[PDB]
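Participant: One structure, pasted below without further comment.
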Amino acid sequence: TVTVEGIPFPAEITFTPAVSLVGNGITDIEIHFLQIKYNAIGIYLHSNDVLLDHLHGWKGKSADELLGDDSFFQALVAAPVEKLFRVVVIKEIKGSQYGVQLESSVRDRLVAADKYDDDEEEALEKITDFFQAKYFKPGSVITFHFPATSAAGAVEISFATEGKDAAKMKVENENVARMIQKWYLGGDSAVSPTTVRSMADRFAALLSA
């Protein structure tokens with residue numbers, strides 16, 4: 001177990017497999033010299049040899065070298081491995097506020113690669129409508145499940161607030177999926193650089209022995 005801002009995070013989220021925690025951090029912002037800690041993020045990954053193969057070209061590098069190498073994080077996004085994003089809400093916000101932030105971030109990454117048409121638009125609409133109904137209480141846990149291959153499942157976006165049961169939603173438009181993946185696992189472009197620095201120190205270890 002590992003605590004982030006007093007929020008416990010499991011070392012391994014099995015029963016999903018064997019995804020292991022590789023990065024920890026928070027989503028924050030500074031408005032008028034004041035830190036606003038929104039979320040607590042934990043990135044889980046399955047440590048198969050497929051990962052150590054797709055990341056072998058970065059073996060022996062340092063955390064400061066992986067951090068400046070935005071291609072290492074793109075190769076990490078493009079790994080065919082079960083992934084899990086565990087975002088725990090810290091500050092009470094409307095679920096729509098996180099929805100318009102997920103849309104605008106993914107839409108911009110979609111327009112950059114020209115991969116924005118109508119198939120991506122509806123898959124983005126199904127996500128915004130999913131979050132605008134729920135309200136983020138300090139304890140709610142959004143969960144992104146990225147299976148290893150497109151054969152097994154698709155992409156499961158789970159919600160877990162205290163009281164009600166786990167509200168889940170499936171998306172299969174892989175364009176929006178691997179842009180949400182870039183939103184959390186990107187280099188200098190990710191939403192939580194604190195989570196990125198944690199992956200750098202972790203991967204720099206495995207990718208050294």
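By order in the structure tokens, chains are A, B, ...; within a chain, residues start at 1; ligands start at 1, following the order shown.
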List the spatial neighbours of region 48-51 of chain A as a JSON list (two decimals) with N, CA, C and O atoms, in the first residue's frame - criterion: any atom at most 8 Å away, only C-alpha atoms, same-chain residues fewer than 5 positions off excluded.
Facilitator:
```
[["chain", "number", "residue", "atom", "x", "y", "z"],
["A", 76, "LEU", "N", 5.42, 4.22, -24.33],
["A", 76, "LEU", "CA", 4.71, 3.65, -23.19],
["A", 76, "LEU", "C", 3.21, 3.61, -23.43],
["A", 76, "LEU", "O", 2.53, 2.66, -23.03],
["A", 79, "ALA", "N", 2.16, 0.64, -25.78],
["A", 79, "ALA", "CA", 2.52, -0.71, -25.35],
["A", 79, "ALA", "C", 1.28, -1.58, -25.27],
["A", 79, "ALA", "O", 0.26, -1.16, -24.71],
["A", 80, "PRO", "N", 1.31, -2.80, -25.83],
["A", 80, "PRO", "CA", 0.13, -3.69, -25.75],
["A", 80, "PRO", "C", 0.07, -4.43, -24.42],
["A", 80, "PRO", "O", 0.32, -5.64, -24.32],
["A", 81, "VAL", "N", -0.29, -3.70, -23.37],
["A", 81, "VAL", "CA", -0.27, -4.21, -22.00],
["A", 81, "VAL", "C", -1.48, -3.66, -21.27],
["A", 81, "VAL", "O", -1.91, -2.53, -21.52]]
```
Participant: Mind checking DSSP for chain A and telling me the helix (DSSP H, G or I) residues as an MDAnalysis selection string?
Facilitator: chainID A and resid 49:54 56:58 63:68 70:77 95:112 119:131 174:185 193:206
Participant: Please identify all polymer residues within 12 Å of residue 69 (chain A), counting only C-alpha atoms, omitting same-chain residues fewer than 6 positions from it, and present them as JSON, numbers by chain.
Facilitator: {"A": [57, 58, 61, 62, 63, 75, 76, 186, 187, 188, 189, 196, 200]}
Participant: May I have the selected residues written with C-alpha atoms, as a PDB file, in the first residue's frame?
Facilitator:
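File out-v2.pdb, as written:
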```
ATOM      1  CA  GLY A  57      15.537   1.061 -26.518  1.00  0.00           C
ATOM      2  CA  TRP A  58      15.453   3.251 -23.384  1.00  0.00           C
ATOM      3  CA  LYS A  61      18.764   5.869 -19.136  1.00  0.00           C
ATOM      4  CA  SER A  62      18.098   8.061 -16.103  1.00  0.00           C
ATOM      5  CA  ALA A  63      14.820   9.488 -14.842  1.00  0.00           C
ATOM      6  CA  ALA A  75       6.164   4.246 -26.653  1.00  0.00           C
ATOM      7  CA  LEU A  76       4.714   3.647 -23.185  1.00  0.00           C
ATOM      8  CA  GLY A 186       2.095  12.068 -22.007  1.00  0.00           C
ATOM      9  CA  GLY A 187       5.420  13.766 -21.471  1.00  0.00           C
ATOM     10  CA  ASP A 188       5.433  17.548 -21.051  1.00  0.00           C
ATOM     11  CA  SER A 189       1.773  17.486 -22.170  1.00  0.00           C
ATOM     12  CA  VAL A 196       4.987  11.646 -14.847  1.00  0.00           C
ATOM     13  CA  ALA A 200      10.306   8.266 -14.729  1.00  0.00           C
TER      14      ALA A 200
END
```
Participant: Could you list, as a PyMOL selection string, every residue within 6 Å of residue 143 (chain A), counting only C-alpha atoms and ignoring same-chain residues fewer than 5 positions away?
Facilitator: chain A and resi 85-86+157-158
Participant: Would you mind reading off the distance between CA of residue 46 (chain A) and CA of residue 25 (chain A), one decimal, in Å?
Facilitator: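 Answer for the CA of residue 46 (chain A) to CA of residue 25 (chain A) separation: 18.8 Å.
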Participant: Please report the interatomic distance between CA of residue 178 (chain A) and CA of residue 77 (chain A) in Å with one decimal.
Facilitator: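 Calculated distance between CA of residue 178 (chain A) and CA of residue 77 (chain A) is 7.2 Å.
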Participant: So that I can see what lies close to residue 27 (chain A), please list as a list in words the residues with an atom at most 8 Å from it, counting only C-alpha atoms and leaving out residues fewer than 5 positions away in the same chain.
Facilitator: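 Here the answer would be residues 37, 38, 39, 40, 41, 191, 192 and 194 of chain A.
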Participant: Could you name the residues that touch residue 110 (chain A) at 10 Å or less, counting only C-alpha atoms, but leaving out those on the same chain fewer than 6 positions away, as a PyMOL selection string?
Facilitator: chain A and resi 104+116-117+120-121+175-176+178-179
